[PDB]
Amino acid sequence: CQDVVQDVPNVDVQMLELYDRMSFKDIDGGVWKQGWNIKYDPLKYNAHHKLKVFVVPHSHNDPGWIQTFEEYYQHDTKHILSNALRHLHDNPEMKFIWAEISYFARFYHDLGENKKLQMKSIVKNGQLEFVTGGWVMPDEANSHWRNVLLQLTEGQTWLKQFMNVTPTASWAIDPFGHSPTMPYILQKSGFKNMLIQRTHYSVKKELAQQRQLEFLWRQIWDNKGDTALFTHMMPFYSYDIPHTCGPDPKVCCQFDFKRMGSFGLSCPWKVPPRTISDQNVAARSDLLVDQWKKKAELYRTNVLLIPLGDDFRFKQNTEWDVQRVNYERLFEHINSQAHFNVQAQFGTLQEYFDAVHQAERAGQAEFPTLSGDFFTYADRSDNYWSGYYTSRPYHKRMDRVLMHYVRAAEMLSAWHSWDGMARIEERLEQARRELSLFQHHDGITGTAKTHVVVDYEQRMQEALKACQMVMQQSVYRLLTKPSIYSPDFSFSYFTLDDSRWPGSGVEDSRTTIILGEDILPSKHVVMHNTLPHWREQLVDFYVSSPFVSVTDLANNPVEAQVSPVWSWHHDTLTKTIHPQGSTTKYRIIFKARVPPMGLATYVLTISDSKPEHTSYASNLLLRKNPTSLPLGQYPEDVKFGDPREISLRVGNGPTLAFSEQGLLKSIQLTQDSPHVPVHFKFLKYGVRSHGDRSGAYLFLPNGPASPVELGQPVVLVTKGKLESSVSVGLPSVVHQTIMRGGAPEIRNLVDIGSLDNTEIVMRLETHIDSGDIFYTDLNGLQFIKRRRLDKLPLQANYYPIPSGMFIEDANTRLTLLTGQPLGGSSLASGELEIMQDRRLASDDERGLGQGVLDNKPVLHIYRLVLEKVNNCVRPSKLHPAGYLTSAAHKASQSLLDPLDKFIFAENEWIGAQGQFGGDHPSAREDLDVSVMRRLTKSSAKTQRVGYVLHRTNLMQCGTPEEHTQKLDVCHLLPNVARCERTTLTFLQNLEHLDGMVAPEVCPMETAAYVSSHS
Ligand SMILES: *[C@@H]1O[C@H](CO)[C@@H](O)[C@H](O)[C@H]1NC(C)=O
Ligand SMILES: [Zn+2]
């Protein structure tokens, strides 16, 4: 295994280093506004060395943006694909590339058999070529790597089954900035090439000047280079025709033949395209070839890529004709005029890459190596696209919830083969597809119109329900005596109880377990642990009585804590935000211990009085002018007092101190250690009254954030043996700090209400001497080193925080893990900040046509880990990566993949079993079974189950960390006949494993295995 910590990779271009050296000056470079006047030697190409030009027709189809997926399909896409089929069929030399499989599948299944065959033929013959082949072209900033893989697999599995093809070239022309997580996954999925477009204009200029636009992109920790994937970065401002033929859009626009008038399009540079004729072809060709040769100067081979397309292009038959005919005339002339020394033709993306590598093998070009990412993107001036790291945070959080539900549903149902009547495969396909669709760069990004966001939400809600159905049916089968099991595949044996989604104060969705002497004495509950190691976690349920005790199935008492059910309300009368307690519902909390990838059953029983093994939390309401707070049957009376500083400690965990405003002030790790200053503060960013305004994409603050006026907020302190908390009702945010014995959990119920042109940020202030360095993760896969650059505006220093961020000095580190992707930064030494929500009244001129005024309450969750790191073996000062500690990694897992809770619906569960998976191996803490999916339906003689195994890299800080079993996923199911290593999509077999044993992977590696069972 490669050492991902101590060996700094030697690469030609390291993005953090490049950023440190670049000046980012935004000067007018001429016709190529952000470049320079390209010059070339006409004698460079000749009869013995011609410029090969591939014009690649394409159509960018957004699976939702200003219209819903279905609206675009009906109005545009079905026509684009229908006419593509006809035109390609009738013109053998014409070519076309397609990226969005969600749309292609929607189209293909509606086609008659005759047309399906014609479609398969033009794909088989190479006229229509799929690029990437994912369900969508995903966002690369907010997306979790697990979902990027999910959507890629969804699209490619469909392509293999119906088109009999698997793309090895990727096309990503629209994500707002690019992540190395893409080549990571792609390279492990059979890919050999990839193309990107939206990178900072300064970066394009810098790399263009050194002809480093094509490079071998390797991971930041990869010293050997085995993760490298050839990457092509487009050099200009856009992927549209005016910015893809050469450096001068005024000239290139004249070669977009759809802009002559009848199509309602024109050229903003004032010179319209002109139909090619024998009379003007010589002059037209001279202009075009000149542009091509200028573009060619920016690359190293004699093979040039010229994309020909735009948003939803090639829709009308007349459009296909106008583009094809005019280009055909240009090709005939150019290719017949030796003085040009050019051979141009329509081509596909793969054809371009094949030619490039042929030139490379011929030894005419050597490519540079590169590591790093391409955030934060700016398309012009100071317009940095960091706003979408936070836009529509409700759905960003929903993404992570559904991500987990999909994993749990696929895993729980994978243990058995199901009869078709159970509709398991049907529900799982629906769930995977709705989640996959949301990975779109206008989905999770929060950059779609309001009604489109609603469509995505509805789709995900249906996916969540599908997931619940599959999960509960699976639990019933896994924990019921075989000879008693009698399933009704439409019946709900269990109801899922989720305490953090939609969340308290967001939607009263979770059910109350109703117990009573005259109705029902007890209730069975079951917890699922999707992680491959034994796990303990506190779980809570709402019960109709405070006198409830918990037992495991062996009837062993389990220590429990009962607390009130508190809800915060914006009192319109008193003009205050205060909590009200329920007098009929209560929260029971207890520690559940669940097997690796298993289930554990517990029983809740009511009694007439306080049970021996259940304790009750004390409650203290701090504020002036308090009023009574009755809690019905709740044992202890609420206490009151004027606001004051408080200190709390649960178990042997840390001791936290809070200000009289209910905000964290310090953390004391041990009784001996000191009180380390760690202050939570909420501030607000505004919008500029002059110039460019912030919108769904852009973050254009009117200066540093201003503190939110808190006044004298109401603070609620709940102290219990198992769980304690401090909650405060601040303007726009009910902030909560929860303690359960380890790193605290932070929950923010964010309701920005009607505060227009405001962005609410949560900041942490410490004494950590971090300087200008901080770390943020990329797609929940890796942590990359960031350097605050004062030479860039505030918004440029904001980065995606898909799952976590941290700052550190020689001795201390503070890590904030998130349960949702949001934007964040470290604007000063010792600080960490992350945006909660943003409400913007104006549009930011990127085509959305609206601001962001559809905010809704969202419950954001986090874990805050303060640690001493002076003893940890960390990367050298020059290493571009960072790594989490065991505690921080586990805290992240507690947020993204918590235990699942099921409540038995009926009064009695006959044949109930107390546990499943007690014999499953408990794998090393850094290893995870990211995916477990049965790949075959019940009718298959040989069943196949696929697994995606990921091993992260945790810092070694002197902790023994022992007793763990080797995890062989191929033997998790009985009767294994063969074990194979496959691409991450499970589509290609890479190795036949001897002994049918799937070996564990190396740190930072991800592998896929498929076990076959007779
Ligand atoms: C799929 O493509 C492969 C190309 O290697 C070919 O051998 C095979 O016959 C094709 N199968 C079909 C008909 O889908
Ligand atoms: Zn797009």
# chains A, B, ... in the order shown; residues from 1 in each chain; ligands from 1

call {"tool": "select_by_dssp", "arguments": {"residues": "stretch 626-800 of chain A", "states": "strand (DSSP E)", "output": "ChimeraX atom specification"}}
result
/A:639-641,646-649,655-658,664-668,676-685,706-707,715-719,724-730,733-739,745-750,758-766,773-778,782-787,799-800

call {"tool": "write_last_selection", "arguments": {"atoms": "C-alpha atoms", "output": "CSV table (one decimal), in the first residue's frame"}}
result
chain,number,residue,atom,x,y,z
A,639,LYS,CA,-36.7,25.4,37.2
A,640,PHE,CA,-36.3,29.0,36.2
A,641,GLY,CA,-33.7,31.7,36.5
A,646,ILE,CA,-23.5,27.7,32.6
A,647,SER,CA,-21.2,24.6,32.5
A,648,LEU,CA,-22.2,21.1,31.7
A,649,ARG,CA,-20.6,17.6,31.5
A,655,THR,CA,-17.0,20.0,30.0
A,656,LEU,CA,-18.6,22.7,28.0
A,657,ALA,CA,-19.1,26.3,29.1
A,658,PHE,CA,-21.8,28.6,27.7
A,664,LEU,CA,-20.5,27.8,23.5
A,665,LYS,CA,-17.6,29.7,25.1
A,666,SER,CA,-15.1,26.9,26.0
A,667,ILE,CA,-14.3,23.2,26.0
A,668,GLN,CA,-12.4,21.3,28.6
A,676,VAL,CA,-10.0,26.0,25.7
A,677,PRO,CA,-11.7,29.0,24.2
A,678,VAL,CA,-14.1,27.9,21.5
A,679,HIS,CA,-16.9,30.5,20.8
A,680,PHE,CA,-19.9,30.1,18.6
A,681,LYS,CA,-21.3,33.3,17.1
A,682,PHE,CA,-23.9,34.1,14.4
A,683,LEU,CA,-23.4,36.8,11.9
A,684,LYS,CA,-25.0,38.1,8.7
A,685,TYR,CA,-23.8,39.0,5.3
A,706,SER,CA,-22.0,41.8,10.9
A,707,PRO,CA,-23.0,40.2,14.3
A,715,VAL,CA,-32.1,29.6,27.0
A,716,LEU,CA,-33.2,26.1,27.8
A,717,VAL,CA,-30.9,23.7,29.7
A,718,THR,CA,-31.7,20.1,30.0
A,719,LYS,CA,-29.4,18.0,32.2
A,724,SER,CA,-27.8,17.0,28.2
A,725,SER,CA,-28.3,20.1,26.1
A,726,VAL,CA,-28.4,23.8,25.9
A,727,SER,CA,-30.8,25.4,23.4
A,728,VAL,CA,-31.4,29.0,22.6
A,729,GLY,CA,-33.9,30.9,20.5
A,730,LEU,CA,-31.9,33.3,18.4
A,733,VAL,CA,-32.0,30.2,14.5
A,734,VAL,CA,-32.9,27.8,17.3
A,735,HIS,CA,-29.3,26.8,18.2
A,736,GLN,CA,-28.8,23.6,20.2
A,737,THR,CA,-25.7,22.0,21.7
A,738,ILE,CA,-26.2,18.4,22.7
A,739,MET,CA,-23.9,16.3,24.9
A,745,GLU,CA,-23.6,17.6,18.4
A,746,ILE,CA,-24.9,20.9,17.2
A,747,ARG,CA,-28.3,21.4,15.7
A,748,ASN,CA,-29.6,24.6,14.1
A,749,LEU,CA,-33.2,25.0,13.2
A,750,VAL,CA,-32.8,27.7,10.6
A,758,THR,CA,-29.3,38.2,4.1
A,759,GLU,CA,-27.0,35.3,4.5
A,760,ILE,CA,-26.7,33.8,8.0
A,761,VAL,CA,-23.3,32.4,9.0
A,762,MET,CA,-22.3,30.4,12.0
A,763,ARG,CA,-18.7,31.1,13.1
A,764,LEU,CA,-16.3,29.5,15.5
A,765,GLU,CA,-13.6,31.7,17.1
A,766,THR,CA,-10.6,30.1,18.8
A,773,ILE,CA,-4.5,27.5,6.5
A,774,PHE,CA,-7.6,25.4,6.8
A,775,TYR,CA,-9.0,22.2,5.5
A,776,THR,CA,-12.2,21.3,3.7
A,777,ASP,CA,-13.4,18.0,2.2
A,778,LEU,CA,-14.2,17.1,-1.3
A,782,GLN,CA,-10.9,13.5,1.0
A,783,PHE,CA,-9.7,16.6,2.9
A,784,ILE,CA,-7.7,19.1,0.9
A,785,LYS,CA,-5.5,21.9,2.2
A,786,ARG,CA,-6.8,25.4,1.7
A,787,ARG,CA,-4.9,28.7,1.9
A,799,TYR,CA,-15.2,26.6,-0.4
A,800,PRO,CA,-17.7,23.7,-0.4

call {"tool": "residues_around", "arguments": {"residues": "residue A:697", "least_positions_apart": "6", "cutoff": "9 Å", "atoms": "only C-alpha atoms", "output": "list in words"}}
result
residues 176, 384, 385, 386, 387, 388, 389, 391, 445, 446, 447, 844 and 846 of chain A

call {"tool": "residues_around", "arguments": {"residues": "residue A:971", "least_positions_apart": "4", "cutoff": "10 Å", "atoms": "only C-alpha atoms", "output": "PDB file with N, CA, C and O atoms, in the first residue's frame"}}
result
ATOM      1  N   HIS A 920     -21.478 -11.276  11.936  1.00  0.00           N
ATOM      2  CA  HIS A 920     -20.819 -10.489  10.893  1.00  0.00           C
ATOM      3  C   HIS A 920     -19.479  -9.993  11.430  1.00  0.00           C
ATOM      4  O   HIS A 920     -19.377  -9.602  12.592  1.00  0.00           O
ATOM      5  N   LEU A 967     -12.428  -8.386   7.110  1.00  0.00           N
ATOM      6  CA  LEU A 967     -13.720  -8.391   6.450  1.00  0.00           C
ATOM      7  C   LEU A 967     -13.601  -8.920   5.033  1.00  0.00           C
ATOM      8  O   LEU A 967     -12.932  -8.320   4.196  1.00  0.00           O
ATOM      9  N   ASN A 975     -22.776 -20.161   0.480  1.00  0.00           N
ATOM     10  CA  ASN A 975     -22.694 -20.839  -0.808  1.00  0.00           C
ATOM     11  C   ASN A 975     -22.013 -20.019  -1.898  1.00  0.00           C
ATOM     12  O   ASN A 975     -22.493 -19.971  -3.028  1.00  0.00           O
ATOM     13  N   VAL A 976     -20.898 -19.375  -1.564  1.00  0.00           N
ATOM     14  CA  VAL A 976     -20.183 -18.572  -2.550  1.00  0.00           C
ATOM     15  C   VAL A 976     -19.496 -19.498  -3.553  1.00  0.00           C
ATOM     16  O   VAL A 976     -18.799 -20.439  -3.167  1.00  0.00           O
ATOM     17  N   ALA A 977     -19.708 -19.228  -4.838  1.00  0.00           N
ATOM     18  CA  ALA A 977     -19.135 -20.031  -5.916  1.00  0.00           C
ATOM     19  C   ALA A 977     -17.957 -19.326  -6.580  1.00  0.00           C
ATOM     20  O   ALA A 977     -17.097 -19.967  -7.185  1.00  0.00           O
ATOM     21  N   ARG A 978     -17.929 -18.001  -6.482  1.00  0.00           N
ATOM     22  CA  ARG A 978     -16.835 -17.223  -7.047  1.00  0.00           C
ATOM     23  C   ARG A 978     -16.842 -15.800  -6.513  1.00  0.00           C
ATOM     24  O   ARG A 978     -17.880 -15.284  -6.098  1.00  0.00           O
ATOM     25  N   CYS A 979     -15.667 -15.182  -6.520  1.00  0.00           N
ATOM     26  CA  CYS A 979     -15.488 -13.821  -6.040  1.00  0.00           C
ATOM     27  C   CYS A 979     -14.665 -13.082  -7.080  1.00  0.00           C
ATOM     28  O   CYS A 979     -13.592 -13.543  -7.472  1.00  0.00           O
ATOM     29  N   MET A 996     -11.854 -17.422  -3.327  1.00  0.00           N
ATOM     30  CA  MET A 996     -13.087 -16.646  -3.307  1.00  0.00           C
ATOM     31  C   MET A 996     -13.068 -15.660  -2.150  1.00  0.00           C
ATOM     32  O   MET A 996     -14.094 -15.396  -1.524  1.00  0.00           O
ATOM     33  N   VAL A 997     -11.888 -15.119  -1.870  1.00  0.00           N
ATOM     34  CA  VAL A 997     -11.731 -14.165  -0.785  1.00  0.00           C
ATOM     35  C   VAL A 997     -11.470 -12.763  -1.313  1.00  0.00           C
ATOM     36  O   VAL A 997     -10.536 -12.541  -2.082  1.00  0.00           O
ATOM     37  N   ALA A 998     -12.311 -11.822  -0.901  1.00  0.00           N
ATOM     38  CA  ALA A 998     -12.161 -10.435  -1.317  1.00  0.00           C
ATOM     39  C   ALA A 998     -11.253  -9.745  -0.308  1.00  0.00           C
ATOM     40  O   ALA A 998     -11.654  -9.493   0.828  1.00  0.00           O
ATOM     41  N   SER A1011     -19.815 -11.188  -5.461  1.00  0.00           N
ATOM     42  CA  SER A1011     -19.788 -12.585  -5.068  1.00  0.00           C
ATOM     43  C   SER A1011     -20.933 -13.297  -5.776  1.00  0.00           C
ATOM     44  O   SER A1011     -22.035 -12.761  -5.892  1.00  0.00           O
ATOM     45  N   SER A1012     -20.656 -14.498  -6.276  1.00  0.00           N
ATOM     46  CA  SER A1012     -21.666 -15.294  -6.962  1.00  0.00           C
ATOM     47  C   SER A1012     -22.021 -16.453  -6.047  1.00  0.00           C
ATOM     48  O   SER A1012     -21.143 -17.051  -5.421  1.00  0.00           O
ATOM     49  N   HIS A1013     -23.309 -16.764  -5.968  1.00  0.00           N
ATOM     50  CA  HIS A1013     -23.781 -17.824  -5.091  1.00  0.00           C
ATOM     51  C   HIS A1013     -24.670 -18.814  -5.830  1.00  0.00           C
ATOM     52  O   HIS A1013     -25.594 -18.427  -6.547  1.00  0.00           O
TER      53      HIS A1013
END

call {"tool": "residues_near_ligand", "arguments": {"ligand": "ligand 1", "cutoff": "7 Å", "atoms": "only C-alpha atoms and all ligand atoms", "output": "JSON, numbers by chain"}}
result
{"A": [163, 164, 165]}

call {"tool": "write_last_selection", "arguments": {"atoms": "C-alpha atoms", "output": "PDB file, in the first residue's frame"}}
result
ATOM      1  CA  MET A 163     -27.039   0.020 -25.830  1.00  0.00           C
ATOM      2  CA  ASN A 164     -24.322  -2.560 -25.116  1.00  0.00           C
ATOM      3  CA  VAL A 165     -21.732   0.170 -24.540  1.00  0.00           C
TER       4      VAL A 165
END

call {"tool": "residues_around", "arguments": {"residues": "residue A:221", "least_positions_apart": "2", "cutoff": "9 Å", "atoms": "only C-alpha atoms", "output": "list in words"}}
result
residues 3, 4, 5, 7, 8, 9, 218, 219, 223, 371, 879, 880, 881 and 1004 of chain A

call {"tool": "residues_around", "arguments": {"residues": "stretch 810-813 of chain A", "least_positions_apart": "4", "cutoff": "8 Å", "atoms": "only C-alpha atoms", "output": "PDB file with N, CA and C atoms, in the first residue's frame"}}
result
ATOM      1  N   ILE A 768      -6.536  28.873  18.181  1.00  0.00           N
ATOM      2  CA  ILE A 768      -5.692  28.016  17.363  1.00  0.00           C
ATOM      3  C   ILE A 768      -4.913  28.889  16.380  1.00  0.00           C
ATOM      4  N   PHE A 806     -11.662  21.720   9.040  1.00  0.00           N
ATOM      5  CA  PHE A 806     -10.907  21.858  10.275  1.00  0.00           C
ATOM      6  C   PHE A 806      -9.749  22.826  10.163  1.00  0.00           C
ATOM      7  N   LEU A 866     -12.922  18.963  19.258  1.00  0.00           N
ATOM      8  CA  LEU A 866     -11.703  19.668  19.657  1.00  0.00           C
ATOM      9  C   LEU A 866     -10.742  18.569  20.095  1.00  0.00           C
ATOM     10  N   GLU A 867      -9.521  18.588  19.571  1.00  0.00           N
ATOM     11  CA  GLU A 867      -8.550  17.553  19.910  1.00  0.00           C
ATOM     12  C   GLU A 867      -7.127  18.074  19.991  1.00  0.00           C
ATOM     13  N   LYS A 868      -6.296  17.354  20.737  1.00  0.00           N
ATOM     14  CA  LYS A 868      -4.885  17.684  20.844  1.00  0.00           C
ATOM     15  C   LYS A 868      -4.266  16.835  19.738  1.00  0.00           C
ATOM     16  N   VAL A 869      -3.425  17.441  18.911  1.00  0.00           N
ATOM     17  CA  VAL A 869      -2.823  16.704  17.810  1.00  0.00           C
ATOM     18  C   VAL A 869      -1.302  16.765  17.789  1.00  0.00           C
ATOM     19  N   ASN A 870      -0.708  17.193  18.896  1.00  0.00           N
ATOM     20  CA  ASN A 870       0.745  17.291  18.977  1.00  0.00           C
ATOM     21  C   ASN A 870       1.440  15.937  18.833  1.00  0.00           C
TER      22      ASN A 870
END

call {"tool": "residues_around", "arguments": {"residues": "residue A:64", "least_positions_apart": "6", "cutoff": "10 Å", "atoms": "only C-alpha atoms", "output": "compact mmCIF listing (two decimals) with N, CA, C and O atoms, in the first residue's frame"}}
result
# COMPACT_ATOMS: atom_id res chain seq x y z
N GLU A 70 -39.47 16.60 -16.75
CA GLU A 70 -40.54 16.22 -17.66
C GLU A 70 -40.94 17.33 -18.62
O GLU A 70 -41.23 17.06 -19.79
N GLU A 71 -40.94 18.58 -18.15
CA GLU A 71 -41.30 19.70 -19.01
C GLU A 71 -40.28 19.83 -20.14
O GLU A 71 -40.65 19.97 -21.31
N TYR A 72 -38.99 19.78 -19.80
CA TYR A 72 -37.94 19.86 -20.81
C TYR A 72 -38.04 18.68 -21.77
O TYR A 72 -37.83 18.81 -22.97
N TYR A 73 -38.34 17.50 -21.22
CA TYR A 73 -38.44 16.32 -22.06
C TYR A 73 -39.52 16.49 -23.12
O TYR A 73 -39.29 16.22 -24.29
N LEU A 437 -31.01 11.73 -9.98
CA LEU A 437 -31.44 12.91 -10.70
C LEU A 437 -31.06 14.18 -9.95
O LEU A 437 -30.62 15.16 -10.55
N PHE A 438 -31.21 14.16 -8.63
CA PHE A 438 -30.89 15.33 -7.82
C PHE A 438 -29.41 15.70 -7.80
O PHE A 438 -29.06 16.81 -7.41
N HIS A 440 -27.80 16.29 -10.25
CA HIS A 440 -27.64 17.22 -11.35
C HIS A 440 -27.07 18.55 -10.85
O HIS A 440 -27.34 18.97 -9.72
N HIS A 441 -26.31 19.24 -11.70
CA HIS A 441 -25.71 20.50 -11.31
C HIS A 441 -26.67 21.68 -11.16
O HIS A 441 -26.23 22.82 -11.01
N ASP A 442 -27.97 21.41 -11.24
CA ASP A 442 -28.99 22.43 -10.99
C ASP A 442 -29.94 21.87 -9.94
O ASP A 442 -30.96 22.49 -9.61
N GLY A 443 -29.61 20.70 -9.42
CA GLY A 443 -30.43 20.06 -8.41
C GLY A 443 -29.90 20.38 -7.03
O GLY A 443 -30.32 21.34 -6.40
N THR A 447 -29.80 25.79 -7.71
CA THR A 447 -29.83 26.82 -8.75
C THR A 447 -31.00 26.70 -9.73
O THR A 447 -30.95 27.30 -10.81
N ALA A 448 -32.04 25.96 -9.36
CA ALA A 448 -33.21 25.80 -10.24
C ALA A 448 -34.37 26.72 -9.84
O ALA A 448 -34.38 27.30 -8.75
N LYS A 449 -35.34 26.86 -10.73
CA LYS A 449 -36.49 27.71 -10.42
C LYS A 449 -37.29 27.04 -9.31
O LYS A 449 -37.20 25.83 -9.11
N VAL A 452 -39.22 23.88 -9.94
CA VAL A 452 -38.35 22.77 -10.29
C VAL A 452 -37.79 22.18 -8.99
O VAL A 452 -37.70 20.96 -8.84
N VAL A 453 -37.44 23.05 -8.05
CA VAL A 453 -36.96 22.60 -6.75
C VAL A 453 -38.06 21.75 -6.11
O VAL A 453 -37.79 20.71 -5.51
N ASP A 455 -40.30 19.99 -7.64
CA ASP A 455 -40.36 18.70 -8.32
C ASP A 455 -39.28 17.77 -7.77
O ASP A 455 -39.54 16.59 -7.52
N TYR A 456 -38.07 18.29 -7.59
CA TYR A 456 -36.98 17.47 -7.04
C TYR A 456 -37.35 16.99 -5.64
O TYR A 456 -37.08 15.84 -5.30

call {"tool": "closest_residue", "arguments": {"among": "A:157, A:555, A:59, A:694", "to": "ligand 2", "atoms": "only C-alpha atoms and all ligand atoms"}}
result
A:59

call {"tool": "residues_near_ligand", "arguments": {"ligand": "ligand 2", "cutoff": "9 Å", "atoms": "only C-alpha atoms and all ligand atoms", "output": "list in words"}}
result
residues 60, 61, 62, 63, 64, 65, 137, 173, 174, 175, 311, 440, 441 and 442 of chain A

call {"tool": "write_last_selection", "arguments": {"atoms": "N, CA and C atoms", "output": "compact mmCIF listing (two decimals), in the first residue's frame"}}
result
# COMPACT_ATOMS: atom_id res chain seq x y z
N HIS A 60 -26.47 20.37 -24.81
CA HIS A 60 -26.50 20.34 -23.36
C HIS A 60 -27.94 20.31 -22.85
N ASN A 61 -28.33 19.18 -22.27
CA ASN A 61 -29.69 19.00 -21.76
C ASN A 61 -29.75 18.89 -20.24
N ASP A 62 -30.16 19.97 -19.60
CA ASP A 62 -30.28 19.98 -18.14
C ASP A 62 -31.50 19.22 -17.66
N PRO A 63 -31.29 18.20 -16.81
CA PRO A 63 -32.41 17.41 -16.28
C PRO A 63 -33.10 18.25 -15.22
N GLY A 64 -33.62 19.39 -15.66
CA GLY A 64 -34.29 20.32 -14.78
C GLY A 64 -33.42 21.54 -14.53
N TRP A 65 -34.03 22.72 -14.58
CA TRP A 65 -33.36 23.98 -14.30
C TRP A 65 -34.43 25.08 -14.29
N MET A 137 -25.17 14.87 -15.26
CA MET A 137 -23.82 15.45 -15.28
C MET A 137 -23.89 16.10 -13.91
N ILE A 173 -19.08 19.65 -19.06
CA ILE A 173 -18.95 21.03 -19.51
C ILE A 173 -19.68 22.08 -18.68
N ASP A 174 -20.50 21.66 -17.71
CA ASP A 174 -21.26 22.65 -16.95
C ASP A 174 -21.16 22.73 -15.42
N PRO A 175 -20.61 21.69 -14.74
CA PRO A 175 -20.54 21.84 -13.27
C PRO A 175 -19.78 23.13 -12.95
N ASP A 311 -27.01 24.91 -25.23
CA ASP A 311 -28.16 24.42 -24.48
C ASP A 311 -29.32 23.96 -25.35
N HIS A 440 -27.80 16.29 -10.25
CA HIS A 440 -27.64 17.22 -11.35
C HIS A 440 -27.07 18.55 -10.85
N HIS A 441 -26.31 19.24 -11.70
CA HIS A 441 -25.71 20.50 -11.31
C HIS A 441 -26.67 21.68 -11.16
N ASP A 442 -27.97 21.41 -11.24
CA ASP A 442 -28.99 22.43 -10.99
C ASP A 442 -29.94 21.87 -9.94

call {"tool": "closest_residue", "arguments": {"among": "A:594, A:577, A:631, A:603", "to": "residue A:541", "atoms": "only C-alpha atoms"}}
result
A:603
